[PDB]
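> I would like the atomic coordinates for the input below:
(chains A and B)
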Amino acid sequence: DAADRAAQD
Amino acid sequence: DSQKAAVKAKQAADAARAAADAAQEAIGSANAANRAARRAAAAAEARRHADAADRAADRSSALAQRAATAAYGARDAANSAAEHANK
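Residues are numbered from 1 along each chain as shown, chains lettered A, B, ... in the order given. Now the structure:
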């Protein structure tokens, strides 16, 4: 989830 | 088999703890990516952090798989111990 959010950022 | 279960359970605990740390790595990188994105609003940095978070996610997943495997081993050892106790 953090990786996906990081990608969104 | 009881000692085996204790060892495999310990391995599950170690892998699980490592997975928790891997989650913190992914989170830390995600927070850094967010800060970089805020500064951009920096893009190269945010992307590097995203890649790092993705690598952390792969580490966490692999560790969780190892923890599950170790837990399965501990369970099988416990099952054998139960059979031995019954015998």
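> who are the packing partners of the top helix by length along chain B?
Longest helix of chain B, by residue count under DSSP state H: helix B:43-86. In this structure, helix B:43-86 packs against helix A:2-8, helix B:2-40, with contacts taken as 3 or more C-beta pairs under 8 Å, 6 or more residues apart in numbering or on different chains; DSSP states H and E. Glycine gets a C-beta too; all of them are placed from N, C-alpha and C.
> most tightly packed of these?
helix A:2-8 (a mean of 20; mean count of other C-beta atoms under 10 Å in any protein chain shown).
> what separates that one from the chain centre, distance-wise?
Averaged C-alpha coordinates place helix A:2-8 at 0 Å from its chain's average position (C-alpha atoms, centre = their mean, to the nearest Å).
> so which residue is dead centre in chain B?
Of all residues in chain B, the one closest to the mean position by C-alpha atoms, centre = their mean is residue B:19, 2.0 Å from it.
> didn't that residue look like it was pressed against residue B:67?
Yes - contact criterion C-beta atoms under 8 Å: residue B:19 and residue B:67 qualify, at 6.2 Å.
> quick revisit: okay, the angle between the longest helix of chain B and helix B:2-40?
Computed by axes from the mean of the first three to the mean of the last three C-alpha atoms, to 10 degrees, the angle separating helix B:43-86 from helix B:2-40 equals 170 degrees.
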